[PDB]
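We begin with a single chain expressed as structure tokens, specifically the form deposited in one PDB entry.
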């Protein structure tokens, strides 16, 4: 069995290997990459996402989100308070202000220490979940707006044609902006490209051990667990590496820098934080290997998780017994 310790693997495809996206994912899996839940892909030196970022300041962040924490430093939830619209140029100036900027630090490890010590005492503002793309239309390789759709994959594998669309999302971050512990909708893959700015640190639990994280989360957030049988779908809970180690939960960590891709694999729980002002693009995708994970994915029916239009058909075809209850949650 390849990669039996479930380590995060890093890949350096050549420009020739960068042509065929599906083939390269399958290659990484042949080497055991999926066992970690997360892989890094460094693009060939010849490749670029677009010519420059000199012209992005006029993108609008219609609903910036202030991420307010509750709990203790290593075990907390966050809620999102909506703020007034601002441009990316306005948000970048805010990120660089004395109130929000990255503190002085020695290296990524010192910064990670400071994040876990101090995160709860601040409320950073995240420009998350903005429909759109920064890839040039002429970029032919690993262009996240030109990928094969999940609807087309389901049709190819299973024969059934369904409604729905699959488009990318932009994320503008600042110091301490946080993504809570989660898997993707319907336990899909994700791919994330860091277009510019400061790094993003990731934590990940191997898919074979995801239920150990779920059992810990039920213990640590006991009210939330009584409220919903899949409350990590709410994407509000944080647990630090120190607390995971104290509880014996297998995990790994890695830092993504500008110009690098990360892929998350079906049922790979992940969480993390941004080091300073940055911009990332991400989208969900599927392969043949996903279908069995989609059939078994948990679902929130309490009403909190509220998701996209396109998830209806996935539930309806892959999970017909759950469909009725899940849709009551959505309405």
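Residue numbers count along the first chain shown, from 1. Take the two forms, find the largest set of C-alpha atoms that superpose within 1.5 Å, and that set is the rigid core. Shifts are known only where both forms have a C-alpha.
A.B. asks: Going by the average Cα B-factor in the PDB entry, point out whether 48-56 or 29-37 comes out higher.
C.D. replies: According to the PDB entry, the answer is 48-56.
A.B. asks: Comparing 299-307 with 66-74, which has the greater mean CA B-factor as deposited?
C.D. replies: Per the deposited B-factors, the answer is 299-307.
A.B. asks: Among 186, 125, 128, 204, single out the one with the highest C-alpha B factor in the record, please.
C.D. replies: Spelled out: the listed residue with the top C-alpha B-factor is 128.
A.B. asks: Checking the record values for 254, 196, 174, 160, which has the greatest CA B factor?
C.D. replies: That would be 160, according to the entry.
A.B. asks: Just say lowest, middle or highest third for the CA B-factor of residue 261 relative to the other modelled residues in its chain.
C.D. replies: For residue 261, the deposited C-alpha B-factor lands in the lowest third.
A.B. asks: Taking the values exactly as deposited, rank residue 167 by C-alpha B-factor within its chain and report the matching third: lowest, middle or highest.
C.D. replies: Tercile = highest for this residue's CA B-factor.
A.B. asks: Split the chain's modelled residues into thirds by Cα B-factor; is residue 108 in the lowest, middle or highest one?
C.D. replies: Residue 108: CA B-factor falls in the highest third of its chain.
A.B. asks: State the tercile, meaning the lowest, middle or highest third, of residue 248 with respect to the CA B-factors recorded for its chain.
C.D. replies: According to the entry, residue 248 has a C-alpha B-factor in the chain's middle third.
A.B. asks: Thinking about Cα B factors across the chain, which third does residue 182 belong to?
C.D. replies: Its C-alpha B-factor belongs to the lowest third of this chain's values.
Beyond the structure shown, there is the form solved in complex with a partner chain, which is absent from this document and is the topic of what follows.
A.B. asks: Only one of 202, 261, 126, 231 has a non-hydrogen atom within 4.5 angstroms of its partner chain in the entry with it bound; which is it?
C.D. replies: The residue from 202, 261, 126, 231 that makes the contact is 126.
A.B. asks: Let me know the one among 284, 298, 287, 301 whose heavy atoms come within 4.5 Å of its partner chain in the entry with it bound, would you?
C.D. replies: The option sitting close enough to the partner is 284.
A.B. asks: Check, residue by residue, if 178, 184 and 235 all come within 4.5 Å of its partner chain in the entry with it bound, counting heavy atoms only.
C.D. replies: Yes, because 178, 184 and 235 each have a heavy atom that approaches its partner chain to within 4.5 Å in the entry with it bound.
A.B. asks: Would you mind picking out the stretch of 216-224, 94-102, 108-116, 77-85 that comes within 4.5 angstroms of its partner chain in the entry with it bound, counting non-hydrogen atoms?
C.D. replies: It is 77-85 that comes within 4.5 Å of the partner.
A.B. asks: Does at least one non-hydrogen atom of residue 89 fall within 4.5 angstroms of its partner chain in the entry with it bound?
C.D. replies: Result no; residue 89 lies far from its partner chain in the entry with it bound.
A.B. asks: If you check in the entry with it bound, is residue 45 within 4.5 Å of its partner chain, heavy atoms only?
C.D. replies: Judged by the heavy-atom cut-off of 4.5 Å, residue 45 is well away from its partner chain in the entry with it bound.
A.B. asks: Does its partner chain come within 4.5 Å of any heavy atom of residue 171 in the entry with it bound?
C.D. replies: Contact check for residue 171: yes, within 4.5 Å of its partner chain in the entry with it bound.
A.B. asks: Should residue 162 be classed as touching its partner chain in the entry with it bound when contacts are defined as heavy atoms within 4.5 Å?
C.D. replies: Judged by the heavy-atom cut-off of 4.5 Å, residue 162 is in contact with its partner chain in the entry with it bound.
A.B. asks: Overlay on the rigid core first, then point out the one of 151, 178, 240, 143 whose CA is displaced 2 Å or more between the shown form and the other one.
C.D. replies: It is 151; the other listed residues stay below 2 Å.
A.B. asks: For residue 45, is the CA shift between the shown form and the other one at least 2 Å following rigid-core superposition?
C.D. replies: Not so; residue 45 is displaced by less than 2 Å.
A.B. asks: Please state whether residue 15 has a C-alpha shift of 2 Å or more between the shown form and the other one, with the rigid core used for the fit.
C.D. replies: No.
A.B. asks: Compare the position of the CA of residue 164 between the shown form and the other one after a rigid core fit and state whether the shift reaches 2 Å.
C.D. replies: Yes; that C-alpha moves by at least 2 Å between the shown form and the other one.
A.B. asks: If the C-alpha spacing of residue 315 and residue 291 moves by 3 Å or more in the entry with it bound, is that a move closer or farther apart?
C.D. replies: Compared with the shown chain, residue 315-residue 291 is closer in the entry with it bound.
A.B. asks: Is the CA-CA spacing of residue 165 and residue 258 tighter or wider in the entry with it bound than here, given a 3 Å or more change?
C.D. replies: Closer, not farther.
A.B. asks: Just list the residue ranges, at least 3 long, where Cα displacement is 2 Å or more throughout between the shown form and the other one after aligning on the core.
C.D. replies: Runs found: 149-165, 225-227, 306-331, listed by sequence.
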